[PDB]
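So this block is input09.txt, compact mmCIF, C-alpha atoms (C1' of nucleotides):
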```
# COMPACT_ATOMS: atom_id res chain seq x y z
CA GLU Y 265 -22.03 145.94 176.97
CA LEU Y 266 -21.78 148.04 173.78
CA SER Y 267 -24.36 146.19 171.66
CA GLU Y 268 -27.47 147.70 173.23
CA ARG Y 269 -27.77 151.52 173.20
CA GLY Y 270 -24.19 151.56 171.89
CA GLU Y 271 -22.53 153.14 168.87
CA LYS Y 272 -21.90 152.25 165.25
CA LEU Y 273 -18.36 151.03 165.85
CA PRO Y 274 -15.77 151.56 163.09
CA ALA Y 275 -15.37 148.70 160.64
CA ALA Y 276 -11.67 148.19 161.40
CA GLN Y 277 -12.23 148.36 165.17
CA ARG Y 278 -15.14 145.91 165.03
CA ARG Y 279 -13.29 143.43 162.81
CA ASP Y 280 -10.16 143.54 164.99
CA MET Y 281 -12.16 142.99 168.19
CA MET Y 282 -14.09 140.14 166.56
CA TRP Y 283 -10.76 138.66 165.45
CA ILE Y 284 -9.30 138.71 168.96
CA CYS Y 285 -12.55 137.26 170.32
CA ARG Y 286 -12.24 134.38 167.85
CA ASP Y 287 -8.53 133.96 168.62
CA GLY Y 288 -9.31 133.54 172.31
CA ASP Y 289 -11.54 130.57 171.51
CA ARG Y 290 -8.90 129.21 169.13
CA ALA Y 291 -6.28 129.36 171.90
CA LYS Y 292 -8.67 127.73 174.38
CA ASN Y 293 -9.30 124.79 172.05
CA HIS Y 294 -5.57 124.54 171.29
CA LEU Y 295 -4.77 124.29 175.00
CA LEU Y 296 -7.53 121.71 175.54
CA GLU Y 297 -6.29 119.49 172.72
CA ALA Y 298 -2.70 119.85 173.92
CA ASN Y 299 -3.53 118.90 177.51
CA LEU Y 300 -5.91 115.96 176.92
CA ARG Y 301 -2.82 113.79 177.47
CA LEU Y 302 -2.63 114.83 181.13
CA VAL Y 303 -6.30 113.88 181.52
CA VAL Y 304 -5.81 110.40 180.08
CA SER Y 305 -2.61 109.87 182.08
CA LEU Y 306 -4.39 110.79 185.31
CA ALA Y 307 -7.45 108.68 184.46
CA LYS Y 308 -5.34 105.60 183.64
CA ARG Y 309 -5.31 104.60 187.34
CA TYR Y 310 -8.98 105.00 188.34
CA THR Y 311 -10.17 102.12 186.15
CA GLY Y 312 -11.14 98.65 187.36
CA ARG Y 313 -14.14 99.58 189.52
CA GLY Y 314 -17.56 100.72 188.34
CA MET Y 315 -16.88 103.09 185.47
CA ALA Y 316 -15.24 102.41 182.11
CA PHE Y 317 -11.86 103.77 181.05
CA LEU Y 318 -13.28 105.99 178.32
CA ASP Y 319 -16.03 107.33 180.60
CA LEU Y 320 -13.37 108.25 183.16
CA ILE Y 321 -11.43 109.95 180.35
CA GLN Y 322 -14.50 111.98 179.35
CA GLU Y 323 -15.07 113.12 182.93
CA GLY Y 324 -11.39 114.04 182.95
CA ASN Y 325 -11.80 116.30 179.94
CA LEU Y 326 -14.82 117.91 181.61
CA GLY Y 327 -12.62 118.64 184.62
CA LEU Y 328 -9.90 119.96 182.33
CA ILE Y 329 -12.41 122.29 180.68
CA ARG Y 330 -13.36 123.70 184.07
CA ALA Y 331 -9.65 123.95 184.92
CA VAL Y 332 -8.90 126.04 181.84
CA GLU Y 333 -11.88 128.28 182.60
CA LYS Y 334 -10.56 128.91 186.13
CA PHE Y 335 -6.85 128.96 185.21
CA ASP Y 336 -4.70 132.09 185.43
CA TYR Y 337 -1.08 132.83 184.53
CA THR Y 338 -0.14 135.64 186.94
CA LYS Y 339 0.82 133.28 189.79
CA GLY Y 340 3.69 131.80 187.77
CA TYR Y 341 2.75 128.15 188.38
CA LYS Y 342 2.82 125.47 185.71
CA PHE Y 343 -0.54 124.58 184.18
CA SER Y 344 -0.17 120.89 185.04
CA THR Y 345 -0.10 121.53 188.79
CA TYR Y 346 -3.37 123.47 188.70
CA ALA Y 347 -5.03 121.13 186.18
CA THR Y 348 -4.28 117.97 188.17
CA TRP Y 349 -6.45 119.12 191.07
CA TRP Y 350 -9.47 119.90 188.89
CA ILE Y 351 -9.10 116.68 186.88
CA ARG Y 352 -8.92 114.60 190.06
CA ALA T 99 -27.29 113.36 168.90
CA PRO T 100 -28.69 110.70 166.55
CA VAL T 101 -27.61 107.07 166.67
CA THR T 102 -27.83 104.28 164.10
CA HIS T 103 -29.53 100.95 164.76
CA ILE T 104 -27.01 98.12 165.00
CA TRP T 105 -29.22 95.56 163.24
CA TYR T 106 -29.24 97.31 159.86
CA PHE T 107 -25.51 98.13 159.86
CA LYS T 108 -23.89 94.97 161.27
CA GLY T 109 -25.18 91.62 160.05
CA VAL T 110 -24.90 88.92 157.41
CA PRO T 111 -26.10 91.41 154.79
CA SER T 112 -25.61 95.07 155.64
CA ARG T 113 -28.97 96.72 155.00
CA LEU T 114 -27.66 100.29 155.30
CA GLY T 115 -24.78 99.42 152.99
CA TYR T 116 -27.09 97.81 150.44
CA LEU T 117 -29.43 100.80 150.52
CA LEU T 118 -26.71 103.45 150.19
CA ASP T 119 -24.38 101.40 147.94
CA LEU T 120 -21.65 101.66 150.59
CA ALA T 121 -19.20 99.00 151.69
CA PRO T 122 -19.66 97.89 155.33
CA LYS T 123 -16.08 98.88 156.21
CA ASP T 124 -16.62 102.40 154.88
CA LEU T 125 -19.98 102.55 156.67
CA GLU T 126 -18.30 101.60 159.95
CA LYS T 127 -15.65 104.27 159.37
CA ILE T 128 -18.42 106.81 158.71
CA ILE T 129 -20.63 106.02 161.70
CA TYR T 130 -17.71 105.54 164.09
CA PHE T 131 -16.05 108.93 163.46
CA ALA T 132 -13.04 107.48 161.64
CA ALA T 133 -13.62 109.09 158.22
CA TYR T 134 -15.49 112.13 156.93
CA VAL T 135 -18.18 111.78 154.26
CA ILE T 136 -19.47 114.34 151.77
CA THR T 137 -23.21 114.71 152.36
CA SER T 138 -23.97 116.84 149.30
CA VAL T 139 -22.25 118.90 146.60
CA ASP T 140 -23.40 121.78 144.41
CA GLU T 141 -23.10 121.66 140.63
CA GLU T 142 -23.89 125.17 139.35
CA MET T 143 -21.46 126.98 141.67
CA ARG T 144 -18.64 124.53 140.92
CA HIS T 145 -19.43 124.72 137.20
CA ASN T 146 -19.31 128.51 136.99
CA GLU T 147 -16.42 129.00 139.45
CA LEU T 148 -14.17 126.29 137.99
CA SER T 149 -12.38 128.88 135.84
CA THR T 150 -11.71 131.33 138.68
CA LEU T 151 -10.66 128.54 141.06
CA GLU T 152 -8.24 127.23 138.44
CA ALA T 153 -6.90 130.77 138.06
CA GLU T 154 -6.46 131.02 141.84
CA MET T 155 -4.62 127.68 141.85
CA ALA T 156 -2.37 128.89 139.03
CA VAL T 157 -1.63 132.10 140.94
CA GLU T 158 -0.81 130.15 144.11
CA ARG T 159 1.45 127.75 142.19
CA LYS T 160 3.16 130.75 140.58
CA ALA T 161 3.75 132.19 144.04
CA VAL T 162 5.20 128.88 145.24
CA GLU T 163 7.51 128.60 142.23
CA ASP T 164 8.57 132.22 142.74
CA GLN T 165 9.50 131.24 146.29
CA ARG T 166 11.31 128.23 144.81
CA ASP T 167 13.43 130.34 142.45
CA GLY T 168 14.08 132.75 145.31
CA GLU T 169 15.47 129.76 147.19
CA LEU T 170 17.49 128.89 144.08
CA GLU T 171 19.05 132.36 143.89
CA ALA T 172 19.71 132.40 147.65
CA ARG T 173 21.48 129.05 147.26
CA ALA T 174 23.44 130.50 144.33
CA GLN T 175 24.59 133.41 146.50
CA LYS T 176 25.52 130.98 149.28
CA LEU T 177 27.48 128.88 146.77
CA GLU T 178 29.29 131.99 145.56
CA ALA T 179 30.20 132.83 149.16
CA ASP T 180 31.45 129.27 149.71
CA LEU T 181 33.52 129.48 146.52
CA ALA T 182 35.03 132.77 147.70
CA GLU T 183 35.84 131.38 151.16
CA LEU T 184 37.19 128.01 149.90
CA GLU T 185 38.99 128.76 146.62
CA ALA T 186 41.05 131.54 148.24
CA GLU T 187 42.60 129.84 151.31
CA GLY T 188 44.62 126.70 151.96
CA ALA T 189 42.34 123.67 152.19
CA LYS T 190 42.11 120.05 151.09
CA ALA T 191 40.85 119.24 147.61
CA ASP T 192 37.98 117.30 149.18
CA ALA T 193 37.47 119.96 151.87
CA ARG T 194 36.86 122.70 149.29
CA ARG T 195 34.10 120.53 147.76
CA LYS T 196 32.54 119.27 151.01
CA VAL T 197 30.68 122.56 151.42
CA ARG T 198 29.63 122.45 147.76
CA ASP T 199 28.24 118.93 148.18
CA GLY T 200 26.42 119.97 151.35
CA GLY T 201 24.88 122.96 149.61
CA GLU T 202 23.86 120.74 146.70
CA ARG T 203 22.16 118.34 149.12
CA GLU T 204 20.36 121.22 150.84
CA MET T 205 19.21 122.50 147.43
CA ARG T 206 17.98 119.01 146.53
CA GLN T 207 16.03 118.64 149.77
CA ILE T 208 14.56 122.14 149.35
CA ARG T 209 13.34 121.35 145.84
CA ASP T 210 12.07 117.98 147.10
CA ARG T 211 9.99 119.73 149.77
CA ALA T 212 8.71 122.12 147.09
CA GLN T 213 7.76 119.15 144.90
CA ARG T 214 5.94 117.55 147.84
CA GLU T 215 3.96 120.76 148.44
CA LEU T 216 3.16 120.99 144.72
CA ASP T 217 1.90 117.40 144.70
CA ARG T 218 -0.19 118.04 147.82
CA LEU T 219 -1.83 121.07 146.21
CA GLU T 220 -2.38 119.04 143.03
CA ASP T 221 -4.17 116.22 144.83
CA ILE T 222 -6.26 118.68 146.85
CA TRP T 223 -7.41 120.32 143.62
CA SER T 224 -8.04 116.93 142.00
CA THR T 225 -10.20 115.64 144.85
CA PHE T 226 -12.09 118.95 144.89
CA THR T 227 -12.78 118.89 141.15
CA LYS T 228 -13.78 115.20 141.32
CA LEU T 229 -15.92 115.60 144.45
CA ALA T 230 -19.15 113.62 144.60
CA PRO T 231 -21.67 112.50 147.24
CA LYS T 232 -21.06 109.26 149.14
CA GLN T 233 -17.29 109.81 148.98
CA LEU T 234 -15.11 109.24 152.04
CA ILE T 235 -12.41 111.79 152.87
CA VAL T 236 -9.70 110.12 154.97
CA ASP T 237 -6.79 112.30 156.18
CA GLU T 238 -8.73 114.71 158.42
CA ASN T 239 -5.94 117.22 157.73
CA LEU T 240 -6.67 116.99 154.00
CA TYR T 241 -10.40 117.29 154.68
CA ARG T 242 -9.89 120.35 156.90
CA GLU T 243 -7.69 122.02 154.28
CA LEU T 244 -10.29 121.27 151.61
CA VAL T 245 -13.02 122.72 153.83
CA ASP T 246 -11.21 125.95 154.69
CA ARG T 247 -10.16 126.51 151.07
CA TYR T 248 -13.55 125.51 149.62
CA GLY T 249 -16.11 126.04 152.38
CA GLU T 250 -18.84 126.53 149.78
CA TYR T 251 -19.82 124.31 146.82
CA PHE T 252 -20.46 121.35 149.14
CA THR T 253 -21.25 120.27 152.69
CA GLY T 254 -19.75 117.36 154.59
CA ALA T 255 -20.13 115.87 158.07
CA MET T 256 -19.26 112.57 159.72
CA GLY T 257 -21.27 110.20 161.89
CA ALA T 258 -24.91 109.39 162.51
CA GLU T 259 -25.96 112.93 161.58
CA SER T 260 -24.14 112.58 158.26
CA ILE T 261 -25.80 109.21 157.61
CA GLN T 262 -29.19 110.72 158.44
CA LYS T 263 -28.57 113.56 155.99
CA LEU T 264 -27.48 111.06 153.33
CA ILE T 265 -30.72 109.12 153.81
CA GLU T 266 -32.64 112.42 153.67
CA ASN T 267 -31.06 113.31 150.31
CA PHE T 268 -32.04 110.04 148.67
CA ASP T 269 -34.50 109.17 145.89
CA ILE T 270 -35.92 105.67 146.31
CA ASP T 271 -37.83 105.82 143.01
CA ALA T 272 -34.83 106.87 140.92
CA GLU T 273 -32.64 104.33 142.72
CA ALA T 274 -35.16 101.56 142.04
CA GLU T 275 -35.39 102.51 138.36
CA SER T 276 -31.59 102.57 138.02
CA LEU T 277 -31.26 99.17 139.70
CA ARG T 278 -33.99 97.78 137.44
CA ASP T 279 -32.11 99.02 134.38
CA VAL T 280 -28.90 97.47 135.71
CA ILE T 281 -30.53 94.09 136.34
CA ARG T 282 -31.93 94.11 132.80
CA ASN T 283 -28.74 95.18 131.01
CA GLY T 284 -25.69 94.16 133.06
CA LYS T 285 -24.17 90.70 133.36
CA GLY T 286 -22.58 88.58 136.05
CA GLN T 287 -21.27 90.13 139.25
CA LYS T 288 -22.79 93.55 138.58
CA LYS T 289 -26.20 91.94 138.01
CA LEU T 290 -25.87 89.89 141.20
CA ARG T 291 -24.96 92.95 143.27
CA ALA T 292 -27.80 94.89 141.65
CA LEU T 293 -30.23 92.10 142.57
CA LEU X 343 -26.94 99.37 179.94
CA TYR X 344 -29.74 101.91 180.30
CA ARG X 345 -27.70 103.79 182.90
CA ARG X 346 -24.72 103.92 180.55
CA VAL X 347 -26.94 105.19 177.72
CA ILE X 348 -28.47 107.90 179.92
CA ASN X 349 -25.11 108.94 181.40
CA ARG X 350 -23.43 109.25 178.02
CA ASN X 351 -26.38 111.13 176.52
CA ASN X 352 -26.39 113.58 179.43
CA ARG X 353 -22.62 114.05 179.23
CA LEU X 354 -22.90 114.70 175.49
CA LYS X 355 -25.58 117.31 176.19
CA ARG X 356 -23.37 118.98 178.81
CA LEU X 357 -20.36 119.02 176.49
CA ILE X 358 -22.43 120.43 173.62
CA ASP X 359 -24.02 123.29 175.52
CA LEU X 360 -20.76 124.08 177.34
CA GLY X 361 -18.77 124.24 174.11
CA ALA X 362 -16.07 121.63 173.56
CA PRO X 363 -13.48 120.82 170.89
CA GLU X 364 -14.51 118.61 168.00
CA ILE X 365 -12.23 115.81 169.24
CA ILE X 366 -14.01 115.55 172.59
CA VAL X 367 -17.47 116.02 171.07
CA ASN X 368 -16.88 113.29 168.49
CA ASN X 369 -15.43 110.98 171.14
CA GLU X 370 -18.53 111.43 173.30
CA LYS X 371 -20.79 110.86 170.29
CA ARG X 372 -18.92 107.63 169.51
CA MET X 373 -19.31 106.70 173.18
CA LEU X 374 -23.07 107.16 172.96
CA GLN X 375 -23.21 105.22 169.68
CA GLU X 376 -21.25 102.29 171.11
CA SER X 377 -23.37 102.28 174.26
CA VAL X 378 -26.59 102.12 172.23
CA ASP X 379 -25.10 99.35 170.09
CA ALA X 380 -24.20 97.39 173.22
CA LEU X 381 -27.70 97.91 174.62
CA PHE X 382 -29.38 96.63 171.46
CA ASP X 383 -26.95 93.75 170.82
CA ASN X 384 -24.03 93.18 173.17
CA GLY X 385 -21.00 91.56 171.57
CA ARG X 386 -22.24 92.03 168.01
CA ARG X 387 -19.32 94.38 167.26
CA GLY X 388 -16.12 94.61 169.27
CA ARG X 389 -15.48 93.20 172.71
CA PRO X 390 -18.76 92.43 174.51
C1' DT H 1 -77.18 91.46 233.52
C1' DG H 2 -77.25 94.22 230.23
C1' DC H 3 -77.95 98.61 228.55
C1' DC H 4 -77.70 104.04 228.38
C1' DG H 5 -75.46 107.93 228.39
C1' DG H 6 -72.07 110.23 228.71
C1' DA H 7 -66.99 110.45 230.46
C1' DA H 8 -61.41 108.90 230.69
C1' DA H 9 -57.18 108.02 227.71
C1' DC H 10 -54.86 106.93 222.76
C1' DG H 11 -54.15 108.97 218.49
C1' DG H 12 -54.82 112.57 213.12
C1' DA H 13 -53.71 117.50 212.03
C1' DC H 14 -49.82 120.55 213.44
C1' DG H 15 -45.98 126.26 214.63
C1' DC H 16 -41.61 125.62 216.45
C1' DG H 17 -36.82 124.80 217.40
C1' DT H 18 -33.59 121.84 216.24
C1' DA H 19 -30.85 117.70 213.58
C1' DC H 20 -28.78 116.31 209.71
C1' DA H 21 -28.79 114.88 204.89
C1' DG H 22 -27.25 116.16 200.87
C1' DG H 23 -25.13 119.10 197.65
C1' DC H 24 -21.96 122.71 195.88
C1' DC H 25 -17.49 124.84 195.82
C1' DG H 26 -12.50 124.59 196.22
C1' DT H 27 -8.14 123.29 197.00
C1' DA H 28 -1.16 125.46 193.57
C1' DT H 29 5.80 122.15 193.30
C1' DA H 30 5.47 118.42 189.75
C1' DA H 31 3.17 114.88 187.37
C1' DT H 32 1.42 114.75 179.96
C1' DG H 33 -0.86 108.56 175.23
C1' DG H 34 -4.09 101.27 178.87
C1' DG H 35 -3.31 96.54 180.64
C1' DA H 36 -4.63 92.66 178.53
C1' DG H 37 -5.95 88.22 177.47
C1' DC H 38 -6.35 85.79 174.40
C1' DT H 39 -5.78 82.02 170.06
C1' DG H 40 -8.37 72.52 171.44
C1' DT H 41 -15.47 72.47 167.35
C1' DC H 42 -17.19 71.63 162.57
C1' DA H 43 -19.90 72.17 158.87
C1' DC H 44 -22.20 75.47 156.17
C1' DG H 45 -23.12 79.73 153.53
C1' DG H 46 -22.00 83.97 152.13
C1' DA H 47 -19.90 88.65 151.88
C1' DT H 48 -15.54 91.20 151.10
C1' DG H 49 -10.99 92.53 149.69
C1' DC H 50 -7.20 91.72 146.53
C1' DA H 51 -4.13 89.48 142.92
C1' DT K 1 -12.10 86.51 137.76
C1' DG K 2 -10.58 82.90 141.71
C1' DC K 3 -8.60 82.69 146.24
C1' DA K 4 -8.25 83.36 151.08
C1' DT K 5 -10.04 85.42 155.06
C1' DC K 6 -13.40 86.20 158.02
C1' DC K 7 -17.78 86.17 160.28
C1' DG K 8 -21.89 84.07 162.19
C1' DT K 9 -24.89 80.05 163.65
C1' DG K 10 -25.99 75.72 166.10
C1' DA K 11 -24.02 71.75 168.51
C1' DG K 12 -30.18 67.46 174.64
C1' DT K 13 -32.53 65.41 177.42
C1' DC K 14 -34.19 65.23 183.51
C1' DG K 15 -32.29 66.71 189.53
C1' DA K 16 -28.03 68.94 192.38
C1' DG K 17 -27.85 74.26 193.04
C1' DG K 18 -28.96 81.12 195.83
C1' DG K 19 -24.03 86.73 198.51
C1' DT K 20 -17.26 89.83 194.40
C1' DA K 21 -10.02 94.40 193.76
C1' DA K 22 -7.73 98.75 193.66
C1' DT K 23 -8.68 106.28 198.18
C1' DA K 24 -6.54 113.63 200.00
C1' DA K 25 -10.57 115.20 202.84
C1' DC K 26 -12.35 118.75 204.84
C1' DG K 27 -14.82 124.45 205.80
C1' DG K 28 -19.09 127.55 204.66
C1' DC K 29 -23.46 127.49 203.68
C1' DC K 30 -27.87 126.53 202.61
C1' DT K 31 -32.33 124.92 201.79
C1' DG K 32 -34.97 121.12 202.65
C1' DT K 33 -36.98 117.47 205.48
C1' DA K 34 -38.37 115.85 209.81
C1' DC K 35 -40.17 115.26 214.35
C1' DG K 36 -41.02 115.68 219.45
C1' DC K 37 -44.84 117.78 223.00
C1' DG K 38 -49.62 119.46 223.28
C1' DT K 39 -55.42 119.67 222.30
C1' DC K 40 -58.40 118.53 219.34
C1' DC K 41 -61.98 113.74 217.21
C1' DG K 42 -62.87 109.30 218.35
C1' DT K 43 -62.93 104.60 220.44
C1' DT K 44 -62.07 101.13 224.80
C1' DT K 45 -63.03 101.10 229.72
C1' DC K 46 -65.19 103.77 233.78
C1' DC K 47 -68.03 103.74 237.25
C1' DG K 48 -72.46 106.12 239.51
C1' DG K 49 -76.75 104.73 239.69
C1' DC K 50 -80.08 101.38 238.25
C1' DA K 51 -83.86 97.86 236.55
```

Would you kindly transcribe this structure into structure tokens?
Amino acid sequence: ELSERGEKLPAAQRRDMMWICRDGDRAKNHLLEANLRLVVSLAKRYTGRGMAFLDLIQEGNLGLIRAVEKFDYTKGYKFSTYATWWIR
Amino acid sequence: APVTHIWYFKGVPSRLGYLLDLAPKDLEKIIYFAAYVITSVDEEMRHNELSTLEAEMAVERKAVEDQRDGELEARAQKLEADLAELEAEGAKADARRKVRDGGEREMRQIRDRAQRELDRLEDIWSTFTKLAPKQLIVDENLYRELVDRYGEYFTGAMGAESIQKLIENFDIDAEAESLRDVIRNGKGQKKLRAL
Amino acid sequence: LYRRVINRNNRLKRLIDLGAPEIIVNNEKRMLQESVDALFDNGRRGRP
DNA sequence: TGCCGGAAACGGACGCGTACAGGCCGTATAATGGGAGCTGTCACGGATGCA
DNA sequence: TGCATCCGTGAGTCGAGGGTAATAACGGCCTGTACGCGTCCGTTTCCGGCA
């Protein structure tokens, strides 16, 4: 929003906002790497017909990515419950 | 993303390995995302920043040893407190030294951890100062630490893209001349491999 | 084999332009590499 | 009998109103690292890793 | 430097022979595709008169 027709933002303000923007991505990747185990555990049982185990795993991580994009904390539910639906 | 042809990597003689002077096992590790490889390294920047990087390493080691002697003095204060609380009340002869032995063991494990960190920093610096192309960097953690501490002075990837870049930065004429010199001058196994 | 190659290439493209961690991206790249290897010569390396 | 010269349905292009075919999205307690099948040939050559 | 380990390759010839493991399932919508009578071109009988 503030890039076009905006203002010359202060150096400290701009660096802090860039830092939090980077930290959001860092946290997202951290959560993804942490929760790949749920994906593989859920995909362990869909093998044996058509697809390969690793292909099922990859589709599982795609579903987990969408799950973390759509996930929210304000409802007080565990992340696994919401992620299972998207992975499946 | 690029892929590598299976014929020239897996076979009786490994053609990619023979061309790049790489062992087939290392080549498999490289092109199967099991080990990083250094695509290229700079010489002038390393040469003229060696002094300042050594100074930075010395400063960091001085900070770590300052933390170490801070731990030593904290352990000394703890030992003084244990002496005050044990040599002033009624306790067993072994009981008044149990806490001393425990503190000694904690001090030993603290200095052992410090020695491990010192050795880790030493090997990181050694592999940075002896960096060269066509060198595999196992221990992804070590590679990541080396990258974040020394993002410049070199570039390194892993996989088919890295192999493609390695082939890109290759001089067939110089390689042929070097191999010709080796086949003229060397003897035995080196000459056979050169052939 | 061609279907596996195409599927893994497309999935790699989707992961790349979506933005994925290096672990997943490298795993998908290895998937594509192994699929191409199987297409060119099945059973040459690993389980056929 | 056959031919002439149009005349009767049986078929290519359809707005229209409807059928459905297929695709996308989204689901809230909790669940967090595989089954798995193999290894009864024999001679040859060669490349590789390690003592 | 020698030694073991491993990998890979080739090891017949002629008929007889053909179809398989493993689960959330719905709303809302939406755009696309189709396709069923009617009037046109056109081709197989029509039938009125006829030579």

Interface, chain X side, toward chain Y (10 Å; all atoms listed in the file) as a PDB file with C-alpha atoms, in the frame of the given file:
```pdb
ATOM      1  CA  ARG X 346     -24.720 103.920 180.550  1.00  0.00           C
ATOM      2  CA  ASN X 349     -25.110 108.940 181.400  1.00  0.00           C
ATOM      3  CA  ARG X 350     -23.430 109.250 178.020  1.00  0.00           C
ATOM      4  CA  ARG X 353     -22.620 114.050 179.230  1.00  0.00           C
ATOM      5  CA  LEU X 354     -22.900 114.700 175.490  1.00  0.00           C
ATOM      6  CA  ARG X 356     -23.370 118.980 178.810  1.00  0.00           C
ATOM      7  CA  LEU X 357     -20.360 119.020 176.490  1.00  0.00           C
ATOM      8  CA  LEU X 360     -20.760 124.080 177.340  1.00  0.00           C
ATOM      9  CA  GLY X 361     -18.770 124.240 174.110  1.00  0.00           C
ATOM     10  CA  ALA X 362     -16.070 121.630 173.560  1.00  0.00           C
ATOM     11  CA  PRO X 363     -13.480 120.820 170.890  1.00  0.00           C
ATOM     12  CA  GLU X 364     -14.510 118.610 168.000  1.00  0.00           C
ATOM     13  CA  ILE X 365     -12.230 115.810 169.240  1.00  0.00           C
ATOM     14  CA  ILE X 366     -14.010 115.550 172.590  1.00  0.00           C
ATOM     15  CA  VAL X 367     -17.470 116.020 171.070  1.00  0.00           C
ATOM     16  CA  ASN X 369     -15.430 110.980 171.140  1.00  0.00           C
ATOM     17  CA  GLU X 370     -18.530 111.430 173.300  1.00  0.00           C
ATOM     18  CA  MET X 373     -19.310 106.700 173.180  1.00  0.00           C
TER      19      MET X 373
END
```

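Each of H:38, H:44, H:10, H:50 was checked against chain X using all atoms listed in the file; the smallest atom-to-atom distance is that of H:38.
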
Select from chain T every residue with an atom at most 9 Å from any atom of chain X, then for each give the shortest pair of atoms and their distance in Å to one decimal, using all atoms listed in the file, rows by chain and rising number, as a Markdown table.
```
| residue | atom | partner | partner_atom | distance |
| --- | --- | --- | --- | --- |
| T:99 | CA | X:371 | CA | 7.1 |
| T:100 | CA | X:375 | CA | 8.4 |
| T:101 | CA | X:375 | CA | 5.6 |
| T:102 | CA | X:375 | CA | 7.3 |
| T:103 | CA | X:379 | CA | 7.1 |
| T:104 | CA | X:379 | CA | 5.6 |
| T:105 | CA | X:383 | CA | 8.1 |
| T:108 | CA | X:386 | CA | 7.5 |
| T:109 | CA | X:386 | CA | 8.5 |
| T:129 | CA | X:372 | CA | 8.2 |
| T:130 | CA | X:372 | CA | 5.9 |
| T:131 | CA | X:368 | CA | 6.7 |
| T:257 | CA | X:372 | CA | 8.4 |
| T:258 | CA | X:375 | CA | 8.5 |
```

Taking (3.0, 129.4, 141.2) in the file's coordinates, which residues come within 12 Å, counting all atoms listed in the file, written as a ChimeraX atom specification?
/T:152-167,212-213,215-216,219-220

Find the residues around segment 9-16 of chain K up to 10 Å (only C-alpha atoms (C1' of nucleotides) counted), leave out those fewer than 2 positions away in its own chain, and share them as a count of residues only.
4

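Interatomic distance, atom CA of residue 123 of chain T to atom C1' of residue 47 of chain H: 11.7 Å.
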
Select, from K:34, K:2, K:8, K:48, the residue with the minimum atom-to-atom distance to chain T, counting all atoms listed in the file.
K:8

Give me the residues near residue 43 of chain K as a VMD selection string, where near means some atom within 12 Å (using all atoms listed in the file) and where sequence neighbours in that chain fewer than 3 positions away do not count.
chain H and resid 8 to 11

Just need the residues of chain H within 12 Å of chain T, counting all atoms listed in the file, so spit them out as a compact mmCIF listing (two decimals) with C-alpha atoms (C1' of nucleotides), in the frame of the given file.
```txt
# COMPACT_ATOMS: atom_id res chain seq x y z
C1' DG H 45 -23.12 79.73 153.53
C1' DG H 46 -22.00 83.97 152.13
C1' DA H 47 -19.90 88.65 151.88
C1' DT H 48 -15.54 91.20 151.10
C1' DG H 49 -10.99 92.53 149.69
```

Atom CA of residue 292 of chain T to atom CA of residue 270 of chain T, distance in Å rounded to a single decimal:
14.3 Å

List every protein, DNA or RNA residue that has at least one atom no more than 8 Å from (-5.6, 114.4, 186.6) in the file's coordinates, counting only C-alpha atoms (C1' of nucleotides), and write the result as a ChimeraX atom specification.
/Y:302-307,324,347-352
